[PDB]
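*Asks:* experimental structure and sequence below, a few questions after.
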Amino acid sequence: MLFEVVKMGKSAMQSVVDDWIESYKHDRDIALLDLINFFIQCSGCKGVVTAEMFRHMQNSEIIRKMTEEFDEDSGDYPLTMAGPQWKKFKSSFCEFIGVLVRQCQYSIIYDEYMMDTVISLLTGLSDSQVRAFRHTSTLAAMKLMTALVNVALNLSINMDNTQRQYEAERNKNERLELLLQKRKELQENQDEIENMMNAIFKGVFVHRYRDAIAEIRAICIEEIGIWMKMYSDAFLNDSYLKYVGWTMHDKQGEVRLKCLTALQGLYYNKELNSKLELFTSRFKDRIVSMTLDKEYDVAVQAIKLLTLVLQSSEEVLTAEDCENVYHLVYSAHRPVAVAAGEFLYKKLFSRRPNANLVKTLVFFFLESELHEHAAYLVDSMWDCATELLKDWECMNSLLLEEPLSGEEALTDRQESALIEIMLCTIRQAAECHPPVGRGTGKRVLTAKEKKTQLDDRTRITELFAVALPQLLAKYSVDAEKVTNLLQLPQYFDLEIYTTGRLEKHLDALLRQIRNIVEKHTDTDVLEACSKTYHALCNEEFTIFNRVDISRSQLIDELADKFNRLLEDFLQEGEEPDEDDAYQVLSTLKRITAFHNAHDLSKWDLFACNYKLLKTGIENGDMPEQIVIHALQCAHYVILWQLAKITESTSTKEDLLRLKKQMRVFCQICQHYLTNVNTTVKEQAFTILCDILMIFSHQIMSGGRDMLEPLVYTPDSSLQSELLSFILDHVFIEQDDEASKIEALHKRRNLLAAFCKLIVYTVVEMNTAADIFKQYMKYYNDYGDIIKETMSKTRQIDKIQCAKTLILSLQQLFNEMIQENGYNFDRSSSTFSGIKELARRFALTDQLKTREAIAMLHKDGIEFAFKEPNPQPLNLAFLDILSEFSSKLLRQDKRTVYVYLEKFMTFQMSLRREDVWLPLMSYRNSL
Amino acid sequence: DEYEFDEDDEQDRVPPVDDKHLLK
Amino acid sequence: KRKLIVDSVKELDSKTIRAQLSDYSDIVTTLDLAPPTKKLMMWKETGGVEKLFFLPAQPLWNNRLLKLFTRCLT
C-alpha cells in the first residue's frame, strides 16, 4: 500500500512516515518488510518480498527473484515514466526518504536495525544489472546520504555547544561531568552516522558516479555537490572534489552541467582555501575549455563559473584564459556572449571618470580583430556596463575636446572605433532591441523599458543636436566617420529641436550634410546623407519646412550643375576627358542617392538620365558607373511619378507619359542586359525585375483600376533574357571566404528576383524548370529559394508545377545523354542523382494531387517513347518516373498503365531480359 | 595526487553477508 | 524475451575514464562568430526567403516607393 500512497495518495509524507514508525514500534520486522517492498515497488517491480526471504534469503537472491517476478509490460519504470503523477511521485519518494531519516534521527536511526537493513537493500539494488532497480536505489541512496549528512552536521553543532557549556562550567562539578558524558555519547552517535555515510559513499557512490547510464551519474554528481555545500568542513575536500573534477570530462553534457553547478555553489561561498585552490589549479584549463563546450548551456555555466573564480582571486585565472573568455563576446549565441561580457566587465571595466574605461573599451575593440563593428560587443556588455555605454557625454567629449594635459590624443583609428561604439550604444538605447542574431527585435517593450528608452532618446537628441554638427565638421574628410555620424539623427526626437529651440544646431547640421555631399563621392556617404535628410523631412515635425527648404536648395544646385555638365558632356564634338566623366558621375551619384529617398520629380531629371543611357547604348564608351547610376535614377523617377499618379485629380496625361517612360526604360534595361560588363547587366536585371513586379497586373488589383493602362507584360524575349541572366550568373561552377559569401548573397538576391517573378505569375511557370533542376545541385547556395519557389508554384497550379518538375528531370536526362553516351549505367552518379532529385520532387496526396501526378506520369511516358530506336532511346527515364509511382494511386495507376501499355503494345512487356529492365521496373511499380 | 585517477571496479570482492552491510 | 531493461555493463571501465580525461576534443568546438562586418549583419536581416520574397531587388529607401513593390506582392 505504501507505494500507492507515495504515488498519488495525496497524503503528507510526514503522516506516512509516522504511520510506518508506529508499525515499526509494533513489529520491527513487519515494517522493515513493508519498507523493502516499498523500494521494490518504487522501481516498478510488481513482485513482493516474503518474510522468509527477508529472514534468510540474501539480498542478491531476493533481487534475482524480483527480476524474474517483475511482471513488467514494458521498459518504463516510475522514475523514467513521464507525466504529472510520476513527477509528483519522484518528489514524494525523495521527501519520504528525507522525512523518514528526520523522524528517526534521535533514536531509531541508532537502533542499528532499520538503518542497516535499508542501506544493505539499497546497496544490493544499486549493484543490480536491472536499470530500474539500480536507478531507483541510487537516487534513494543519495537522498538518504543527504539526510544523514544533515543529521551529522546537527550532531557536530550540538557537540560544539556541549563543549562550550563544559568550558563555561570549567571556568565556573556534577554538571560538567554530565556535559562530558553527553559529549561522549554525541561522539558515539557521530561515529554511527559516519559508518552509515561511509557505507553509502563507498558502496554506492564510487560505483554509480561512473555508471553507464548518464542519468545515474548526474544524480550522484548533483548530490555530492549538495553534500559539499551542506557540510563544508567535512565534505569540501579533495577526496570528494576529485569525483566532480573527473566527471567534468564526461562525454554527456547533462553530467557536465551537473558538475558545473555543483562547483558554482562552492565558488559562490568564497571559502577559497577550502581545497578550492588545489581544485582550481588542477582543473582551471578544463573549465576554460568548457567555455567552448559542444553544449551551449554548459558553456554559459562554465563562463559563469570562471567569473566566480575571478571574484574569488582574479589573478588565478591568468591573462591567456581571460582572453579566451573575451573572444566569446563576439559569439552568435547571446547567452555565451553576455556571460563573457559580464566576465569582461568584471575583469577590467568594473574597477575604475569613465574616460579611461571608454579608452580601454576602444583599445579592446581594436585589439580583437574578430569584429569590424561594436554592435555585438555592445550587446554583450549592455546589461553590465550600461552606465559606461550610456556615458555619451564623455565619449563625444573625447572625440571633440582633446587637450587634457598628459592625456595622449587618440589615434585616428581609435577615433573611428570610438564613433562606431558611440553609434552602437546610441542605437541600442534608442531602439531597445538587440542587433540581429542576438534578439528577435519584435518584443513588446516593458513600461519600465519604454520610459528608459524615452529618457535615453531625449538625452541623445539634446546632446547630439549640438554635438553632431561639430563632430561632422571635425571629420568631414573621413568617409567612414561621416557615415556613422550621419546615422545618428535617425535616433533623434525631432520635436526636441523645436521645443528646445535648437533650430540653429539643426541648421548647422543641415549645412554640414550638404557640405559633405558636395565633397564626397563615396556611395555610402551620399546614401547616409539622403537617409538623414529623409529622416529630417517629416511633415509631422515642425522642423520639416526648414529641412525641406535646405533639401530643395541642395537638389537645385546639384540639378543645375548636372544639367550644365550634361550639356557639355552630350555635345556633338566633345571628347570626354576623365575629369569630365568624373564630374558628371559625382553629380549623378548625389542626385541618384537623393532621388531614391526624395521626390525629385519637380526637377524633371528623366530627360538627363535617358539621354545619358541612350548615348551609352549608341557611342558605347560611356562609363559603366554612369550607366548604373543613370539606370537607378530613371527607375526612381518612374517610381515617384507612379506614386504621384494615383488620383484622377492628380493628372491623366501624365499617366500616358509615365507608361511611355517605363516601356522605354525597360527597353534600355534589356539592351544593357546584353552588356560586356557584368555589373551593368546586374543593375539592369535587378531594376528590371523590380519594375516588372511594380508594373505587373497587380498594379490595378486593389482598387487601382485607373492604373490598368500602366501594365507591362514581359515579352518572350524579355523572359528569355532574364532566365538567361539567371542561368549565366546565379548558377555557376561550384568550387577570400568572406568575399565568396558576399558574392553568394548577391547571386541569391538575383535568383530571388526572378523567382518572385515566377511565383507571382509575372513570367511563365515553365522557366522555373531550369531553376528546379538545380535544387539539389545548389541546395546550400540557393536551395531555400528554390524550395520556396517550388512550393509557391505548387500552390499556384499543382498540375503545371508537376509538368515543370518533369521538364526539369527530362532536362537532366538529355543533358546526361549529351555529356555521356547512351551507355550510361543506372549506378552512374549522374543518373542516380537524377533519380534522387525525382524522389525529392515526389515527396512534394488526395487533394487534387492525384490528378496532377497522373498528368506528370503521362508526360514521363511520352518523353520515354518520344525518341524511338533507330534500328526507345529514353527507356531509362522510366526509372525516374518510377520515383513518383508510389504517390500514384492504384485507381489512377490503371489509367496511366493503359497509356503505358499503348506505348509498348505487348511484345515489349514480354521482352525484358537486358536493357529493357527499366521498363519492367516501372511496369512493376505500376 | 588525490586528483590523479586510480579507481578500478568489476574486480571487487563480493560482501560476505549482503543482508548486514553495516556489520562494523 | 522480456522488455525489462537489463544493462550488462553497469560501469564505465577505468580505461574509458582515463580516455575521457586525456582527450576532450570531441566535447569542445570552435567559436560561432556573430556577423563581423556590417554587410554580413545586413544580409542576416535582409537575406532569407522570408524577407527576400517580400523586399525589392533594388533597395527603395523611402517607404512610399517600397509600398508599390509590396502592394503588388500577393
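*Replies:* Done, it's in. Numbering: from 1, shown residues only, chains lettered A, B, ... in the order given.
*Asks:* from now on I want contacts and neighbour counts done on CA atoms only, so please keep to that.
*Replies:* Fine.
*Asks:* count of neighbours near residue 4?
*Replies:* Using chain A here. Using other Cα atoms under 10 Å in any protein chain shown, residue A:4 has 13 other residues around it.
*Asks:* actually, chain C is the one I wanted.
*Replies:* Residue C:4: 19 neighbours (other Cα under 10 Å).
*Asks:* same question, the one 10 residues further on
*Replies:* Neighbour count of residue C:14, defined by other Cα under 10 Å: 15.
*Asks:* how close does it get to residue A:781?
*Replies:* Residue C:14 is 47 Å from residue A:781, where distance means Cα to Cα, to the nearest Å.
*Asks:* and if you look at residue C:70?
*Replies:* 26 Å.
*Asks:* equivalent analysis for residue A:233, please.
*Replies:* Applying Cα to Cα to residue A:233 and residue A:781 gives a distance of 60 Å.
*Asks:* more neighbours, the two?
*Replies:* Comparing residue A:233 with residue A:781 by other Cα under 10 Å, the one with more neighbours is residue A:781, at 19 against 11.
*Asks:* need the nearest residue in space to the more buried one, chain neighbours excluded.
*Replies:* If the residues on either side of it in the chain are set aside, residue A:781 comes closest to residue A:744, at 7.0 Å by Cα to Cα, 6 or more residues apart in numbering or on different chains.
*Asks:* is that neighbour part of a helix or strand, or is it coil?
*Replies:* helix (DSSP: H, G, I helix; E, B strand; the rest coil).
*Asks:* for chain C, what spans make up the helices?
*Replies:* Taking DSSP state H, the helices of chain C run over residues C:14-22, C:38-46, C:49-52, C:63-72.
*Asks:* could you identify which of these is most buried?
*Replies:* Comparing the helices of chain C by mean neighbour count (mean count of other Cα atoms under 10 Å in any protein chain shown), helix C:63-72 ranks first with a mean of 18.
*Asks:* which residues does that one contact?
*Replies:* Outside helix C:63-72, the residues within contact range by Cα atoms under 8 Å, 6 or more residues apart in numbering or on different chains are A:639-640, A:643, A:690, A:693-696, A:698-699, A:701, C:54-56, C:60.
*Asks:* mind checking which of the residues you listed are in strands?
*Replies:* Among the contacts of helix C:63-72, no residue falls in strands (DSSP state E).
*Asks:* what packs against the helix or strand harbouring residue A:191?
*Replies:* In this assignment (DSSP states H and E), residue A:191 forms part of helix A:174-200. Counting contacts by 3 or more Cα pairs under 8 Å, 6 or more residues apart in numbering or on different chains; DSSP states H and E, helix A:174-200 is packed against helix A:114-126, helix A:131-171.
*Asks:* contacts for the first one?
*Replies:* Contacts made with helix A:114-126 from outside it, assessed by Cα under 8 Å, 6+ apart, are listed as A:28, A:32, A:36, A:59-60, A:63, A:108-109, A:133-135, A:137-138, A:140-141, A:196, A:199-200, A:203-204, A:208, B:18-22.
*Asks:* one more pass at 6 Å, please.
*Replies:* A:109, A:133-134, A:137-138, B:19, B:21-22 (Cα atoms under 6 Å, 6 or more residues apart in numbering or on different chains).
*Asks:* and of the residues you listed, the nearest to chain C?
*Replies:* Ranked by distance to chain C (Cα to the nearest Cα), the contacts of helix A:114-126 are led by residue A:134 at 8.9 Å.
*Asks:* and that closest one, how many neighbours?
*Replies:* 27.
*Asks:* which residue packs closest to it, ignoring adjacent ones?
*Replies:* residue A:126 (4.3 Å).
*Asks:* quick check: the one you found vs residue C:6, distance?
*Replies:* Residue A:126 is 13 Å from residue C:6, by Cα to Cα.
*Asks:* what of residue A:42?
*Replies:* Taking Cα to Cα, one finds residue A:42 at 17 Å from residue C:6.
*Asks:* which of these two has more neighbours?
*Replies:* Taking neighbours as other Cα under 10 Å, residue A:42 and residue C:6 compare with residue A:42 leading, 25 against 17.
*Asks:* can you name the residues that contact residue A:882?
*Replies:* So residue A:882 contacts residue A:922 (Cα under 6 Å, 6+ apart).
*Asks:* again, only using 10 Å
*Replies:* A:835, A:838-839, A:842, A:857, A:860, A:888, A:918-919, A:921-926 (Cα atoms under 10 Å, 6 or more residues apart in numbering or on different chains).
*Asks:* residue A:468 now?
*Replies:* A:396, A:461, A:474, A:482, A:485-486, A:488-489, A:505-506, A:508-509, A:512.
*Asks:* can I get the buried part of those residues as one PyMOL selection?
*Replies:* Burial among these is assessed by 16 or more other Cα atoms under 10 Å in any protein chain shown; the matching PyMOL selection reads:
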select buried, chain A and resi 396+461+482+485+486+488+489+505+506+508+509+512
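*Asks:* related to what we said a few turns ago, correct me, but the residue nearest to residue A:781 touches residue A:734?
*Replies:* No - in this structure, residue A:744 is not within contact of residue A:734 by Cα atoms under 10 Å, at 11.2 Å.
*Asks:* how about the contacts of residue A:882, which pair is most distant?
*Replies:* A:842 and A:919 (19.1 Å; Cα to Cα).
*Asks:* these two: who's more crowded?
*Replies:* Shown here are residue A:842 and residue A:919; by other Cα under 10 Å, residue A:919 has more neighbours (24 against 19).
*Asks:* near chain B, which residues of chain C? Just list them.
*Replies:* Applying Cα under 10 Å from any Cα of the partner chain, one finds that chain C approaches chain B through C:9-15, C:17-18, C:21.
*Asks:* near chain A, which of the residues you listed show up?
*Replies:* C:9-14, C:17-18, C:21.
*Asks:* how is chain A divided into domains?
*Replies:* Following the assignment in automatic domain parsing, chain A carries domains at A:1-208, A:797-925.
*Asks:* dump those to TSV, plus distance to residue A:441.
*Replies:* Converted to TSV, the domains of chain A look like this (distance: least, Cα to Cα, whole Å):
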stretch	distance to residue A:441
domain A:1-208	35
domain A:797-925	34
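*Asks:* among those domains, which comes closest to residue A:775?
*Replies:* domain A:797-925 (7.9 Å).
*Asks:* now the end-to-end length of the closest one.
*Replies:* OK, domain A:797-925 end separation, Cα to Cα: 26 Å.
*Asks:* host element of residue A:454?
*Replies:* Per DSSP H and E: helix A:447-474 holds residue A:454.
*Asks:* tell me how far that helix is from the chain's mean position?
*Replies:* 31 Å (Cα atoms, centre = their mean, to the nearest Å).
*Asks:* could you do stretch A:813-825 as well?
*Replies:* On Cα atoms, centre = their mean, the centre of stretch A:813-825 falls 43 Å from that of its chain.
*Asks:* do the same with stretch A:809-816
*Replies:* Worked out by Cα atoms, centre = their mean, stretch A:809-816 lies 38 Å from the chain centre.
*Asks:* pick out the residue closest to the middle of chain C.
*Replies:* residue C:32 (9.3 Å; Cα atoms, centre = their mean).
*Asks:* show me the contacts for residue A:44.
*Replies:* A:3, A:38, A:70-72, A:75-79, A:81, A:132-133, A:136 are the contacts of residue A:44 under Cα under 10 Å, 6+ apart.
*Asks:* equivalent analysis for residue A:844, please.
*Replies:* A:790-791, A:794, A:798, A:802, A:887.
*Asks:* 8 Å instead?
*Replies:* Counting by Cα under 8 Å, 6+ apart, there are no residues that residue A:844 touches.
*Asks:* thought residue A:165 was touching residue A:178?
*Replies:* No - counting by Cα atoms under 8 Å, residue A:165 sits too far from residue A:178 to count as a contact (10.5 Å).
*Asks:* what's the burial count for residue A:752?
*Replies:* Residue A:752 - counted by other Cα under 10 Å - has 30 other residues nearby.
*Asks:* for chain B, what lies in contact range of chain C?
*Replies:* B:5-9 (Cα under 8 Å from any Cα of the partner chain).
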